[PDB]
């Protein structure tokens, strides 16, 4: 997998170029905003159970057919598998946010997910919805604007990190359906 730094390195390597100047510039900003990134990650992991259960439950309340006989969330086994998938996706999104690059998510998670869902009969459109609800919650926690929880932290602009986190959820969503 790659991180924000190696991503820059593979791009330079393609041009057999040393990394310096304008290249180092964005990496120094990454380092400069490193503490904010760690908080954003901490916010997501610290409310992981809340984010997943709420998104899965949200997907269900909007589409009750998921729990009717024959629905993909019907029986505890399926509901458990769905909750688990939700947690795995959030886990890979948190890794991507920690690394500042979607490489891990793409390679170890998204890589063949849609295919698996189609083969399992897992509804992709319902999955996208669970993911978009997680996006909503995670973006809220990152900016400390979550309705049911507020934490102490040095105030500042975390708009870039939340847009980044959001981009990761969107990637999952678009690769699924």
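Residue numbers count along the first chain shown, from 1.
- As listed in the deposited structure, the average C-alpha B-factor of 80 to 88 and of 99 to 107 is greater for 99 to 107.
- Mean CA B-factor, 1 to 9 versus 168 to 176: the higher value falls on 168 to 176.
- Listed residues 50, 38, 131, 120 were ranked by CA B-factor as deposited; 120 comes out on top.
- Taking the deposited Cα B-factors for 45, 136, 56, 151, the highest one is held by 151.
- Compared with the other modelled residues of the chain, the Cα B-factor recorded for residue 163 ranks in the lowest third.
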